[PDB]
Amino acid sequence: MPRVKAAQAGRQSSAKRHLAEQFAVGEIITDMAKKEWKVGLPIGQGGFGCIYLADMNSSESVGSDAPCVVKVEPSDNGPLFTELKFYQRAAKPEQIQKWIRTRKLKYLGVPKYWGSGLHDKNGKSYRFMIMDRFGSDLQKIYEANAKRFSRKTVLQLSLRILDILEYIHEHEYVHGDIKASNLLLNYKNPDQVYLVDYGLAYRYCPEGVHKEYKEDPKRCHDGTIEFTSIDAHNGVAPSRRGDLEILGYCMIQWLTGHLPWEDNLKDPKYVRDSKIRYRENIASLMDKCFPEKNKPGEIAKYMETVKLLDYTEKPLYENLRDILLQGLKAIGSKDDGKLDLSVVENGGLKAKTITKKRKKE
């Protein structure tokens, strides 16, 4: 509590009073792309990194249902420059639309990029990126439902995430952050899921050079023990298995509700132990987590492929894809629920992509 618990700003790090500013309501700046975007009233709670309503240069004033939203953050920041750079480079209007065409699909759950605008003042440089609106985060509903998900709901995402993964996986870009915390649903389309705020999107194939199994803790180390890829836990280089591991962990988290190492996060050694121990004997995890009178073959085979994956072995989306459909057909059930996560609950967003937070040179 504010009164009970005392908030600590910093003992020794920053000096003097920074003091930031804002923009007038009803103003329209000129992004780098020569696009006019009108800014309405402020929205969100945090401080320096606040969100402001945005909309295309149309007319009249701005209400409380603006189409796009802007976010201002420090220019010297790192992770920020990545989220904005990854959007204007990966989240392009062509790259997104082109995919749907080359994929023979309807729409892409990837966020669209609009623009950005910077401004220096007395040495202080500011920067903001323009993004679209959203509905609610998957992590919110999860906690709201007492951390309980359905088989059709979980499997529904596993299919959507796969297609999205291939998009970045083919662009030499590792996802890293695939958890629900970085997911949202379209306000108009409740059955549409979107994966925003990477905060861990990096490339491990520069100049056609695929990252070989080598020790590199300095790189690809940013992540919470809650789902930190074994690559960082051991201090190895970025691998493909690391991605499947992230989805594999959460996949069982929602399906079961709680993970074995949920009451032992404080112990980093334990988390790594149970990991390797559960890796060799995956059948033990499903046995302990799930009852003997209920063993989802969809999960058993899922891990069997992950643990049985070689550094040189390529991704087997087709194979795993068969395991998913088999899981539903096995339980005499079919996709009759979709992304059942429509309720709405916004209150601030983020902006990151890099993966190396520790000392910050």
# chains A, B, ... in the order shown; residues from 1 in each chain; ligands from 1

call {"tool": "residues_around", "arguments": {"residues": "stretch 171-183 of chain A", "least_positions_apart": "4", "cutoff": "8 Å", "atoms": "only C-alpha atoms", "output": "PyMOL selection string"}}
result
chain A and resi 137-140+161+165+167+193-206+240+242-243+246-247+250

call {"tool": "write_last_selection", "arguments": {"atoms": "N, CA and C atoms", "output": "JSON list (two decimals), in the first residue's frame"}}
result
[["chain", "number", "residue", "atom", "x", "y", "z"],
["A", 137, "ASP", "N", -5.50, -7.96, -22.79],
["A", 137, "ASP", "CA", -4.40, -8.91, -22.77],
["A", 137, "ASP", "C", -4.87, -10.29, -22.31],
["A", 138, "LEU", "N", -4.27, -11.33, -22.86],
["A", 138, "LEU", "CA", -4.63, -12.70, -22.51],
["A", 138, "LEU", "C", -4.23, -13.01, -21.06],
["A", 139, "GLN", "N", -3.19, -12.34, -20.58],
["A", 139, "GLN", "CA", -2.72, -12.55, -19.21],
["A", 139, "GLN", "C", -3.73, -12.03, -18.20],
["A", 140, "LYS", "N", -4.48, -11.00, -18.58],
["A", 140, "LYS", "CA", -5.47, -10.41, -17.70],
["A", 140, "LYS", "C", -6.62, -11.39, -17.44],
["A", 161, "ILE", "N", -0.40, -19.23, -32.88],
["A", 161, "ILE", "CA", 0.98, -18.88, -32.55],
["A", 161, "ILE", "C", 1.96, -19.52, -33.53],
["A", 165, "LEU", "N", 4.70, -17.71, -35.62],
["A", 165, "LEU", "CA", 6.09, -18.06, -35.36],
["A", 165, "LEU", "C", 6.85, -18.27, -36.67],
["A", 167, "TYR", "N", 6.32, -16.95, -39.44],
["A", 167, "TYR", "CA", 6.53, -15.66, -40.08],
["A", 167, "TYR", "C", 7.86, -15.05, -39.65],
["A", 193, "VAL", "N", -6.70, -12.85, -32.43],
["A", 193, "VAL", "CA", -5.61, -12.70, -31.47],
["A", 193, "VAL", "C", -4.42, -11.98, -32.11],
["A", 194, "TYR", "N", -3.77, -11.12, -31.33],
["A", 194, "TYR", "CA", -2.61, -10.37, -31.81],
["A", 194, "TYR", "C", -1.45, -10.47, -30.83],
["A", 195, "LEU", "N", -0.25, -10.67, -31.36],
["A", 195, "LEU", "CA", 0.94, -10.78, -30.53],
["A", 195, "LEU", "C", 1.79, -9.52, -30.63],
["A", 196, "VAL", "N", 1.63, -8.62, -29.66],
["A", 196, "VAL", "CA", 2.38, -7.37, -29.64],
["A", 196, "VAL", "C", 3.37, -7.33, -28.48],
["A", 197, "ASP", "N", 4.25, -6.34, -28.50],
["A", 197, "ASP", "CA", 5.25, -6.19, -27.45],
["A", 197, "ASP", "C", 6.14, -7.42, -27.36],
["A", 198, "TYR", "N", 7.07, -7.54, -28.30],
["A", 198, "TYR", "CA", 7.99, -8.67, -28.33],
["A", 198, "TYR", "C", 8.88, -8.68, -27.09],
["A", 199, "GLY", "N", 9.65, -7.61, -26.92],
["A", 199, "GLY", "CA", 10.54, -7.51, -25.78],
["A", 199, "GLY", "C", 11.54, -8.65, -25.71],
["A", 200, "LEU", "N", 11.76, -9.31, -26.84],
["A", 200, "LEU", "CA", 12.70, -10.42, -26.89],
["A", 200, "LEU", "C", 12.85, -10.97, -28.31],
["A", 201, "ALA", "N", 12.72, -10.09, -29.30],
["A", 201, "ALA", "CA", 12.85, -10.50, -30.70],
["A", 201, "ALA", "C", 14.25, -10.19, -31.22],
["A", 202, "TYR", "N", 15.04, -11.23, -31.45],
["A", 202, "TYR", "CA", 16.40, -11.04, -31.95],
["A", 202, "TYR", "C", 16.71, -12.03, -33.07],
["A", 203, "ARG", "N", 17.69, -11.68, -33.90],
["A", 203, "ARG", "CA", 18.10, -12.53, -35.02],
["A", 203, "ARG", "C", 19.37, -13.30, -34.68],
["A", 204, "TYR", "N", 19.37, -14.60, -35.00],
["A", 204, "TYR", "CA", 20.53, -15.44, -34.74],
["A", 204, "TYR", "C", 21.04, -16.09, -36.02],
["A", 205, "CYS", "N", 20.86, -15.40, -37.14],
["A", 205, "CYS", "CA", 21.30, -15.91, -38.43],
["A", 205, "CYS", "C", 21.82, -14.78, -39.32],
["A", 206, "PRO", "N", 22.83, -14.03, -38.85],
["A", 206, "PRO", "CA", 23.41, -12.91, -39.60],
["A", 206, "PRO", "C", 24.30, -13.39, -40.75],
["A", 240, "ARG", "N", 16.96, -22.81, -31.82],
["A", 240, "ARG", "CA", 15.57, -22.92, -32.26],
["A", 240, "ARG", "C", 14.70, -23.58, -31.19],
["A", 242, "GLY", "N", 14.84, -23.21, -28.16],
["A", 242, "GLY", "CA", 14.49, -22.23, -27.15],
["A", 242, "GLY", "C", 13.09, -21.66, -27.35],
["A", 243, "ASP", "N", 12.71, -21.47, -28.61],
["A", 243, "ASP", "CA", 11.39, -20.93, -28.93],
["A", 243, "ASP", "C", 10.29, -21.91, -28.55],
["A", 246, "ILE", "N", 9.55, -22.12, -24.82],
["A", 246, "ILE", "CA", 8.72, -21.07, -24.25],
["A", 246, "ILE", "C", 7.24, -21.40, -24.38],
["A", 247, "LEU", "N", 6.83, -21.78, -25.59],
["A", 247, "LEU", "CA", 5.44, -22.13, -25.85],
["A", 247, "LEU", "C", 5.07, -23.44, -25.15],
["A", 250, "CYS", "N", 4.41, -22.64, -21.17],
["A", 250, "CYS", "CA", 3.12, -21.98, -20.96],
["A", 250, "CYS", "C", 1.97, -22.89, -21.40]]

call {"tool": "select_by_dssp", "arguments": {"residues": "stretch 6-214 of chain A", "states": "helix (DSSP H, G or I)", "output": "MDAnalysis selection string"}}
result
chainID A and resid 79:90 93:103 138:144 151:169 180:182 206:208

call {"tool": "residues_around", "arguments": {"residues": "residue A:41", "least_positions_apart": "2", "cutoff": "12 Å", "atoms": "only C-alpha atoms", "output": "list in words"}}
result
residues 22, 23, 24, 25, 26, 27, 38, 39, 43, 44, 50, 51, 52, 53, 54, 55, 61, 62, 63, 64, 65, 66, 69 and 70 of chain A

call {"tool": "write_last_selection", "arguments": {"atoms": "C-alpha atoms", "output": "mmCIF file, in the first residue's frame"}}
result
data_model
loop_
_atom_site.group_PDB
_atom_site.id
_atom_site.type_symbol
_atom_site.label_atom_id
_atom_site.label_comp_id
_atom_site.auth_asym_id
_atom_site.auth_seq_id
_atom_site.Cartn_x
_atom_site.Cartn_y
_atom_site.Cartn_z
ATOM 1 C CA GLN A 22 3.373 16.710 -23.097
ATOM 2 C CA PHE A 23 1.524 17.975 -26.172
ATOM 3 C CA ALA A 24 -1.649 20.030 -26.593
ATOM 4 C CA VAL A 25 -4.932 18.228 -27.251
ATOM 5 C CA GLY A 26 -6.057 18.522 -30.860
ATOM 6 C CA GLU A 27 -2.592 18.907 -32.376
ATOM 7 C CA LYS A 38 -3.846 14.092 -34.454
ATOM 8 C CA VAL A 39 -3.301 13.652 -30.717
ATOM 9 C CA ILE A 43 -4.660 7.942 -21.450
ATOM 10 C CA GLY A 44 -2.835 5.561 -19.132
ATOM 11 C CA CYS A 50 2.412 7.618 -20.965
ATOM 12 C CA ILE A 51 0.085 6.846 -23.873
ATOM 13 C CA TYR A 52 -1.755 9.448 -25.950
ATOM 14 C CA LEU A 53 -4.799 9.011 -28.189
ATOM 15 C CA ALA A 54 -4.021 9.186 -31.907
ATOM 16 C CA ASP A 55 -6.041 9.356 -35.125
ATOM 17 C CA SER A 61 -11.752 16.772 -32.338
ATOM 18 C CA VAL A 62 -10.814 13.429 -30.779
ATOM 19 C CA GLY A 63 -13.214 11.427 -28.634
ATOM 20 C CA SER A 64 -12.535 8.380 -26.475
ATOM 21 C CA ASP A 65 -12.416 5.790 -29.260
ATOM 22 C CA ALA A 66 -9.367 6.850 -31.279
ATOM 23 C CA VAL A 69 -2.471 5.318 -30.059
ATOM 24 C CA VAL A 70 0.985 6.820 -29.549
#

call {"tool": "atom_distance", "arguments": {"atom1": "atom CA of residue A:358", "atom2": "atom CA of residue A:217"}}
result
11.3 Å

call {"tool": "closest_residue", "arguments": {"among": "A:127, A:288, A:221, A:112", "to": "residue A:89", "atoms": "only C-alpha atoms"}}
result
A:112

call {"tool": "residues_around", "arguments": {"residues": "stretch 315-320 of chain A", "least_positions_apart": "2", "cutoff": "8 Å", "atoms": "only C-alpha atoms", "output": "ChimeraX atom specification"}}
result
/A:162,240,301-302,305,313,322-324

call {"tool": "write_last_selection", "arguments": {"atoms": "N, CA, C and O atoms", "output": "mmCIF file, in the first residue's frame"}}
result
data_model
loop_
_atom_site.group_PDB
_atom_site.id
_atom_site.type_symbol
_atom_site.label_atom_id
_atom_site.label_comp_id
_atom_site.auth_asym_id
_atom_site.auth_seq_id
_atom_site.Cartn_x
_atom_site.Cartn_y
_atom_site.Cartn_z
ATOM 1 N N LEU A 162 1.654 -20.748 -33.946
ATOM 2 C CA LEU A 162 2.507 -21.469 -34.884
ATOM 3 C C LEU A 162 2.683 -20.678 -36.178
ATOM 4 O O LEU A 162 3.804 -20.397 -36.599
ATOM 5 N N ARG A 240 16.955 -22.815 -31.821
ATOM 6 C CA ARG A 240 15.570 -22.920 -32.261
ATOM 7 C C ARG A 240 14.705 -23.576 -31.190
ATOM 8 O O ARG A 240 13.544 -23.210 -31.004
ATOM 9 N N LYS A 301 3.478 -36.165 -26.957
ATOM 10 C CA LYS A 301 4.178 -36.105 -28.237
ATOM 11 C C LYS A 301 4.795 -34.727 -28.453
ATOM 12 O O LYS A 301 5.884 -34.604 -29.013
ATOM 13 N N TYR A 302 4.090 -33.693 -28.003
ATOM 14 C CA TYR A 302 4.567 -32.320 -28.146
ATOM 15 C C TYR A 302 5.982 -32.173 -27.594
ATOM 16 O O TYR A 302 6.868 -31.640 -28.263
ATOM 17 N N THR A 305 8.904 -34.283 -29.185
ATOM 18 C CA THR A 305 9.493 -33.677 -30.372
ATOM 19 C C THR A 305 10.496 -32.596 -29.979
ATOM 20 O O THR A 305 11.541 -32.441 -30.612
ATOM 21 N N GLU A 313 18.619 -30.324 -36.690
ATOM 22 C CA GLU A 313 17.276 -30.724 -37.094
ATOM 23 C C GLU A 313 16.387 -29.504 -37.308
ATOM 24 O O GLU A 313 16.369 -28.584 -36.489
ATOM 25 N N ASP A 322 -0.171 -32.445 -36.751
ATOM 26 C CA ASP A 322 -0.997 -33.646 -36.769
ATOM 27 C C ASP A 322 -1.359 -34.073 -35.351
ATOM 28 O O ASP A 322 -2.426 -34.639 -35.116
ATOM 29 N N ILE A 323 -0.462 -33.798 -34.410
ATOM 30 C CA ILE A 323 -0.687 -34.153 -33.013
ATOM 31 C C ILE A 323 -1.811 -33.317 -32.412
ATOM 32 O O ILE A 323 -2.570 -33.795 -31.569
ATOM 33 N N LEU A 324 -1.912 -32.066 -32.852
ATOM 34 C CA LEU A 324 -2.946 -31.165 -32.357
ATOM 35 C C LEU A 324 -4.332 -31.663 -32.755
ATOM 36 O O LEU A 324 -5.191 -31.887 -31.900
#

call {"tool": "residues_around", "arguments": {"residues": "residue A:307", "least_positions_apart": "3", "cutoff": "7 Å", "atoms": "only C-alpha atoms", "output": "PyMOL selection string"}}
result
chain A and resi 279+303-304

call {"tool": "write_last_selection", "arguments": {"atoms": "C-alpha atoms", "output": "PDB file, in the first residue's frame"}}
result
ATOM      1  CA  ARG A 279      13.441 -33.308 -19.991  1.00  0.00           C
ATOM      2  CA  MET A 303       7.493 -32.573 -25.727  1.00  0.00           C
ATOM      3  CA  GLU A 304       8.783 -35.793 -27.293  1.00  0.00           C
TER       4      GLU A 304
END

call {"tool": "residues_around", "arguments": {"residues": "residue A:190", "least_positions_apart": "3", "cutoff": "8 Å", "atoms": "only C-alpha atoms", "output": "PyMOL selection string"}}
result
chain A and resi 135+185-187+193+339-342

call {"tool": "closest_residue", "arguments": {"among": "A:253, A:346, A:14, A:281", "to": "residue A:151", "atoms": "only C-alpha atoms"}}
result
A:253
